[PDB]
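These protein sequence lines map, in sequence, to chains H, I and A.
Here the entry's author numbering is used: the first residue of the first sequence is 1, the next is one more, and so on.
Here the entry's author numbering is used: the first residue of the second sequence is 1, the next is one more, and so on.
Here the entry's author numbering is used: the first residue of the third sequence is 1, the next is one more, and so on.
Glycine included, C-beta positions come from ideal geometry on N, C-alpha and C.
One structure below.
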Amino acid sequence: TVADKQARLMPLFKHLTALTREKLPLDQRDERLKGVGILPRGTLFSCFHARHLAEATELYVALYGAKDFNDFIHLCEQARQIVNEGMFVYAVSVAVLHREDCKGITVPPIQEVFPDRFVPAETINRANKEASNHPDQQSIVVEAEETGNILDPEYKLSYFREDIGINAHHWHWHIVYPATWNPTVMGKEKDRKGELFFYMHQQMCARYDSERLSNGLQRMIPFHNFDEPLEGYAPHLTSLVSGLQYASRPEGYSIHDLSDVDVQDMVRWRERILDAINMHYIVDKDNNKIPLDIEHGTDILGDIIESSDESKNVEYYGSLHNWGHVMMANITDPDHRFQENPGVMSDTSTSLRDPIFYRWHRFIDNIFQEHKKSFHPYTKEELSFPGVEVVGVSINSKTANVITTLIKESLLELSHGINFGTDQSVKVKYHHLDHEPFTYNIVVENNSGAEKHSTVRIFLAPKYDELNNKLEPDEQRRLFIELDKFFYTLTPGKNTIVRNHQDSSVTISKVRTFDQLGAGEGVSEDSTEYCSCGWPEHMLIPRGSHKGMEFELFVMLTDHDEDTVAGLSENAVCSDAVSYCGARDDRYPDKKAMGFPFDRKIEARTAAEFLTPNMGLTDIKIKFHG
Amino acid sequence: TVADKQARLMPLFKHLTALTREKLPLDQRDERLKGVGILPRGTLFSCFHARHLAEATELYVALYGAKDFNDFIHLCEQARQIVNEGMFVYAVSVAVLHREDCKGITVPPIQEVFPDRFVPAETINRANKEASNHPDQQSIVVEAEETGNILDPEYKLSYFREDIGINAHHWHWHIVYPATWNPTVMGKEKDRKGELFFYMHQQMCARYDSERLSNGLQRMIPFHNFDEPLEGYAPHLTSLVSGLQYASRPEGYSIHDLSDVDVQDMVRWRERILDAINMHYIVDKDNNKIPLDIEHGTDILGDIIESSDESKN
Amino acid sequence: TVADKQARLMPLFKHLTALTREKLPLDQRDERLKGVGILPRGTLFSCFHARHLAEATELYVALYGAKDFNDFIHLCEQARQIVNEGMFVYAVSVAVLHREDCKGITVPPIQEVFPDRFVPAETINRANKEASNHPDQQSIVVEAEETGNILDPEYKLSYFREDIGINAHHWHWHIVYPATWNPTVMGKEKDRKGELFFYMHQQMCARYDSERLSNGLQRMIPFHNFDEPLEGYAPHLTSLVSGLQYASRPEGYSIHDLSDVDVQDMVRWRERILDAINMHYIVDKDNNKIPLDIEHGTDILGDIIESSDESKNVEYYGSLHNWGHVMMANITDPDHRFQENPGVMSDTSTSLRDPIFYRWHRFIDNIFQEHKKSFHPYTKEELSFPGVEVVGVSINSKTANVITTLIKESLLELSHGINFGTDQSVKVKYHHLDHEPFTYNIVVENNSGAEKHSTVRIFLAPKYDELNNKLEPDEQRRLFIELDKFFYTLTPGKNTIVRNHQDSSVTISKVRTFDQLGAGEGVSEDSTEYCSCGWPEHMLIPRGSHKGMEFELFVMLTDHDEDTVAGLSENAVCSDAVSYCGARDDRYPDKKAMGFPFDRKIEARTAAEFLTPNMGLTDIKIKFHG
């Protein structure tokens, strides 16, 4: 049964660490992996580096190639033993997500699988220590929160950057859309992956910026100049696999060439990519030019920038984004002299924690923005949905139009990830931001005679700047974060549409634990999308401040008939989280450009001027509770 | 017997970290330590820093002060629970070395007490791992030698620099001649400690230079200029006591002021010292001048340079 | 200003224990004060006992018949020096609640004022100990949860019984409706206080029963026979004010005569009361008979049973309910030769914790029930609201029709209540039951031509019995708990009414901490009920079970025009919590008998048969998360 299948998968995931050591009387017995697994664990697996990605791709293909599920497990049994463990988790997760046979199946928790990435070394040490200190079945609980002389104000952001859910999501997203993805081999293609790459990262930056403003900090600035020294960050993460940890990066480093790539080769790529944007065409390998069409342009750019296998020219345009992660990651030891592990930037699970991440991503976002700039703005025609008027919006909470945010304690179970020994469970307690539940009530007047179908789009943007209160829509575009997108039908006359925050399309409703999975539930049975991906729920709104920071609440209704695509796909599957994740094996459900109406340049003075009749702005307050 | 005395002191020091948990409900209880009670347990202890040295000195004095050996064990037992462990090892070793009740009491070998300092993290966590991996009485053996790309020629010197014996010696030497040493309190004085300080360190450098030449490398150059950027070094050492490890340093960044001291001050101290050497006299606190005599000169300089408590100013 | 006034009140409340030492040269000057000061300071104050209440009333009056708010503060300040502290808190709170001058003003937290009543002795000891152990400004945190082997299944209920919010509410309720209340003196009268007395206590029992069933335990049985021995309970509460603690009770104790009252006159009173229900009339002091009218009957009975000052005959009918608390409280030392303190039963703040409370209250509830039995059942005419039909109800949560319940950690600040010394704050951490937020969507068809006004009444009742699944409406009456009551207007045609759990009329939205109160907010400024009274929010639904226990969700709509009373009262004041609390200085806003439709006997075998068109039952599940 499916349940049995789930059980088999969980053990593929257990003790990734320990299942190294060949355990193979003739070590040729997985010849398919004599080639792949040229990474022995020594350095860490890099999600960004090309060579690492190549190995990973090779692994996935074998998994995809597996004739049946049983064969799949057998490969994943015997092969795991040789290949680097990180690569293995990566390859398997991709396989589980896509391979039909796996119509059964969650992947074990990333946080749970590698607890060391989620929690600090101190807590991990303590738990391990307590386990040894007194042998006893009794459970061990450790509170990760610590006590420390906080000098840096960046620390304030830690609730966002360090959040477990955020890191997990980032890991999962890359799994759903792998850079290595080869559509020919799989046969299936990931719709608009390049564009999604752009959108997801942009949102992370946008959301990040809202945190800084909530904090009273200015918006992050891009890593425009390669010459500039980076700010330091020390992760305090250990790797349980061996003796090492992610290397910290002290203050103030100018940029060093790696054997693999020169930072100048990088600078070229940036010039090239941006050249083609202006010239409105890119050059394919064939030396043909493909236009940066309005429809296609973002996608093509996304593939080139990341870059994915899909890039029209890898050799010429290079892989700017990925190399950025690699270069930043080994700033400490570019030469590989000292033989030190890379920083957090190397891994999709960890990278969000470093503040540098935002600087780089804003830089890349800028590239996309230049392209967007080339496009013409939106006419009333494009925006408006005639006959429909938005009367008003209200947010209901304990206090209307105010959302309250607080910190909540939570526990993570280490036992699946690290050797438990005698203890039944070792849990680490951490705290994260959370908010009260709320609902939206939108009153819409349907002037038309017949029932209409509308897509409701809701975004949140900060009212205040770093200077004073100024709702300049051009700037707002960067800041706006997507709260929700959903379909509703309106009858003629007045209508009130109520939606609850829980329903939000952006967030993952729930991630099942190992324990949950061993049990056997039914959200449906889907895959790595399953509980993992989606933005985390606690994260839905920015922290705000004790004072109650003012944010613009924007609701827009668009003609659904226009917005939807027609086609024939599946049952109700992982679609909760469509806004950032997309739909399983389906085309992106919205015709509009991701981020619409915000994606193109706005001429207006105040945001308000921009509004059409099917748009509305309600100012609400977010107040944090200490 | 004295050997039974050994067998008690060695498990006093055995596994330092877990003997913390102070477990005395009222802070006031140890008025004996009301003067100190500043550096927590987990923190790294600095042999060089003045404040750390001051605490250490305070600890030793108590140990020296101990009326008898039994009393010595008692205060030590209880003090270890509260003070930082590194400081504790330092203070105790000094006490064992000097205090007359202790002849034929060797200390627990430093390498053995803190294996993590001697061996690389990879063979620390591999060994720890093997212990957990399969429970069994059986012995575990791990070969520290590793396998890796050896990019830096400095690596060649590792046999010398990394040597266990050398590191241990350096630890011990500082114990025999502590910077903090106050002759009035002890009553006894360490003959020519300043000069010895000079000689021992000079020999280490000299010996080091012979290694480089053996290697075919040029002799080491002095760090004369404060401005120059340092070469990086990554130790790959973990501190099991906590999660923490010694931070590595890459190369290429000029020198930064600490809250405790600014680099400019360091430069000053040097020009100060050079002048004194030059005019052949140093100024005491009393503002009297003492000559840099042929006999005395190295010793006086050693105390000032290190500097020890003995420094004239 | 009001804020200043608030500040003055908070210090009346501080260091009550310490406030003793009279420092008064002579009470004679305080002629007003002559009446009070009989009860000694250290002694425990009984809410219940008549003599104690009399002194308390005398004190309040002096505080009332102070001339302006300067005079009120003055006498209070002086009175607090001499009088027993417990009595003092009681008298002052009543004064703050009613006295106009106090149009300003919350009362300091009961939990916060007397932390020792809310938390266990161990935690309190630890905090006190930590304070002394190491002097330092640093904050102290203590987790009250403990570790112990728990032989007694009653322990399971502790989350309900021990809950801080519940105890606080009970304290506050008695303050709003004091037994001692003399309408002539105040001039104002408390509408339907006797009936409310009945309703509130009945609800507590009903809610309690739902917990037991959620637990898998049978419903509580009444203290029908006095001869029977009581089950023991040890509170583990200390009174810091002295060394003393609430005496524990070991099981196997039958009730003993006290000097104050012989258990038999209690038996007579109960018999006298029941006899006079049957006879349908009660005898007044005048020896006139007053009929137990349908309208009046519950109220008259409530006053007699409690009994309040309002009782038509105190001398003959006695005070059964109150004496029950007293007798149970000093079971350990009926003689008082031991000079031991009374148990938890003596105090309104503590009494809910003892399991005996339920047994006694069910007993008293039975008395009311017999009266209800005498009344005729409800015809379709009374129940139905014609033209209105309830199509369906749905509860929206993470999963529709399922409510999730979990345990949440919380902290209580001791500092206001006990001597802090050096420490900035000492907080004790405790855990309580809590549930996810949810909303209700009710579809109603308004057949009539015109808009109607309806009162929506929502109740929850357990589906399962101790036997097997049996929705026998007669039995259900005891179990049904009130979720919410609110007014809505329906237009003709289909209507959907959405209400959020947060809005619930039964619960207190928020209780302000002495810290919040230290600043100055604007919920508005009314008094002891302010944040205090109302049932606690976390408590709104029963725990349920991991399996997801089935509960009947009942929604009924009634004609509002009928339901409301007309009159002219205040601005928007403490009305959030109307269902159990009533409205400030206002008549109870609902004409229907409290608990309607559940109050009278139901002829039908099954609940479904009972339903009229304006009623509906939706089965939902409550599942607890471990």
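- DSSP links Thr558(H) through a beta bridge to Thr455(H).
- Residues are counted here when their Cβ sits less than 7 Å from a Cβ of chain H; for the stretch 390 to 405 of chain A these are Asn396 and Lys398, given in chain order.
- Distance check between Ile304(H) and each of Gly343(H), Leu433(H) and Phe198(H) places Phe198(H) closest, using alpha-carbon atoms only.
- In terms of beta-carbon proximity, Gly302(H) stays away from the interface with chain I, with every pair separated by 8 Å or more.
- Pairing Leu320(A) with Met279(A) gives a Cβ-Cβ distance that is not under 8 Å.
- Take the alpha-carbon of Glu58(I) and the one of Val36(I): they are about 8 Å apart.
- A direct Cα-Cα distance of roughly 17 Å separates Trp269(H) from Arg362(H).
- Any Cβ of chain A closer than 8 Å to the Cβ of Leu33(I) would place that residue at the interface, and such an atom is absent.
- Taking a contact to require three or more Cβ pairs closer than 8 Å, the stretch 487 to 502 of chain A and the stretch 444 to 453 of chain A qualify as touching.
- As summarised for the stretch 100 to 175 of chain A, the continuous beta strand (DSSP E) elements at least 3 residues long and confined to that stretch are 140 to 143, given in chain order.
- Here DSSP, grouped into helix, strand and coil, assigns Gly252(I) to coil.
- Here DSSP, grouped into helix, strand and coil, assigns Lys485(A) to strand.
- From the beta-carbon of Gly232(I), the residues of chain H found nearer than 7 Å are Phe338.
- Assignment of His431(A) by DSSP, reduced to helix, strand and coil, places it in the strand class.
- Given a length threshold of 3 residues, each whole run of the beta strand (DSSP E) inside the stretch 531 to 587 of chain A is given here in chain order: 549 to 559.
- If you ignore the 5 residues before and after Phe223(H), its C-beta comes within less than 6 Å of the C-beta of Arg359, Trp360 and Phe363, all in its own chain and listed in chain order.
- Note that the C-beta distance between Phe438(A) and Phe598(A) is not below 8 Å.
- In this structure, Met549(H) sits near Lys621(H), with a CB-CB distance shorter than 8 Å.
- Per DSSP, the continuous alpha helix (DSSP H) segment holding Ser214(A) begins and ends at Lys193 to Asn215.
- Separation of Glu195(H) and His201(H) (C-alpha to C-alpha, rounded to the nearest whole angstrom) is 10 Å.
- Of all residues in the stretch 495 to 515 of chain H, those with a C-beta nearer than 8 Å to a C-beta of chain A are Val498, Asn500, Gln502, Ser509 and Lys510, reading in chain order.
- In the DSSP annotation of this structure, the continuous segment of the beta strand (DSSP E) that includes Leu617(H) starts and ends at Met615 to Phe624.
- DSSP places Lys380(A) in no beta strand (DSSP E) but in the uninterrupted alpha helix (DSSP H) bounded by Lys380 to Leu383.
- The C-beta of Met204(H) has 16 or more other C-beta atoms within 10 Å across all chains shown, which makes the residue buried.
- Under the three-state reduction of DSSP, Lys494(H) is assigned to strand.
- In the assembly as shown, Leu467(A) is an exposed residue. Its beta-carbon has fewer than 16 other beta-carbons within 10 Å.
- Per DSSP, the unbroken beta strand (DSSP E) holding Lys289(H) starts and ends at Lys289 to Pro291.
- Taking a C-beta distance under 8 Å as the contact criterion, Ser349(A) and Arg207(A) do not qualify as a contact pair.
- Ranked by how close their Cα comes to the Cα of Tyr233(A), the residues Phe357(A), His376(A) and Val2(A) have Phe357(A) in first place.
- Look at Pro109(H): its C-beta is not under 8 Å from any C-beta on chain A.
- The C-alpha of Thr558(A) lies about 7 Å from the C-alpha of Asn614(A).
- The three-state secondary structure of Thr1(H), taken from DSSP, is coil.
- In the three-state reduction of the DSSP assignment, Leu412(A) falls in the strand class, which pools E and B.
- Between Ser308(H) and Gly318(H), the C-beta gap is not smaller than 8 Å, which leaves the two residues out of contact.
- Counting only runs of 4+ residues, the alpha helix (DSSP H) found wholly inside the stretch 337 to 404 of chain H occupies 356 to 374 and 380 to 383, in chain order.
- Nearest to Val2(A) by alpha-carbon distance, out of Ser346(A), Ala329(A) and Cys102(A), is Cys102(A).
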